[PDB]
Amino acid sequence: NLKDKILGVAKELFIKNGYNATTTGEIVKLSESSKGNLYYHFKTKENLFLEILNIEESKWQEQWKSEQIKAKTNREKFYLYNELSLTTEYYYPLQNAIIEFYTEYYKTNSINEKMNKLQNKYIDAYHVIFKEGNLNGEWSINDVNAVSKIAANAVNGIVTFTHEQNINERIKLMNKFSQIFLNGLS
């Protein structure tokens, strides 16, 4: 498919050279298409990227769907999910493209609203854990909406802003966070 070929080539280029450095010209020549056609299917480079992110996020959800069954309780799922977010983002080849993209279009309303919709599927994973945990007596949380967003934003701050490298140490700090956080809810 010529739309899927552009998505695939765009992905490789965004992996290889990041979001900023990659031009529509490159995507177009390696896809064997034209800017006119790229514009047709995705309007902008920004929107091509969001489409890739949406396909990637769907794959992340399916991975969590099966990876979570190895965790009996919702307390364990919260530990696991946070650890998984950390370790996945440590090697994820699009991670740098994602950082460049976000750090440029986070104040841009029309794109930043679509970013929010992607981010809210992460908050939704926390909502399930926390709701379902209420239902089984693991904790008692009144505002699951608020706590899910807090957890989502806190966990990803630790992931993104930690320059205290060594992956072993990063995993320990994330587990310490998860302990303190869940202890605070009891």
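So that there is no doubt, residue numbering starts at 1 and follows the sequence shown.
S.K.: Take the C-alpha B-factors listed in the entry for 74-82 and for 103-111, compute each mean, and give the stretch with the larger one.
M.R.: Looking at the record's C-alpha B-factors, the answer is 103-111.
S.K.: Quick one: higher average CA temperature factor, 11-19 or 164-172?
M.R.: According to the entry, 164-172 carries the higher average C-alpha B-factor.
S.K.: In terms of the CA temperature factor given in the entry, to which third of its chain does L38 belong: lowest, middle or highest?
M.R.: Its C-alpha B-factor, which the entry lists for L38, ranks in the highest third among residues of this chain.
S.K.: Comparing against every modelled residue in the chain, figure out the third that the C-alpha B-factor of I180 lands in (lowest, middle or highest).
M.R.: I180: CA B-factor falls in the lowest third of its chain.
S.K.: Which third, lowest, middle or highest, does the CA B-factor of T44 fall in along this chain?
M.R.: CA B-factor rank for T44: highest third.
S.K.: Taking the chain's C-alpha temperature factors as the reference, tell me which third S140 falls into: lowest, middle or highest.
M.R.: According to the entry, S140 has a C-alpha B-factor in the chain's middle third.
S.K.: Just say lowest, middle or highest third for the CA B-factor of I69 relative to the other modelled residues in its chain.
M.R.: Highest third - that is where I69 ends up once the chain's C-alpha B-factors are sorted.
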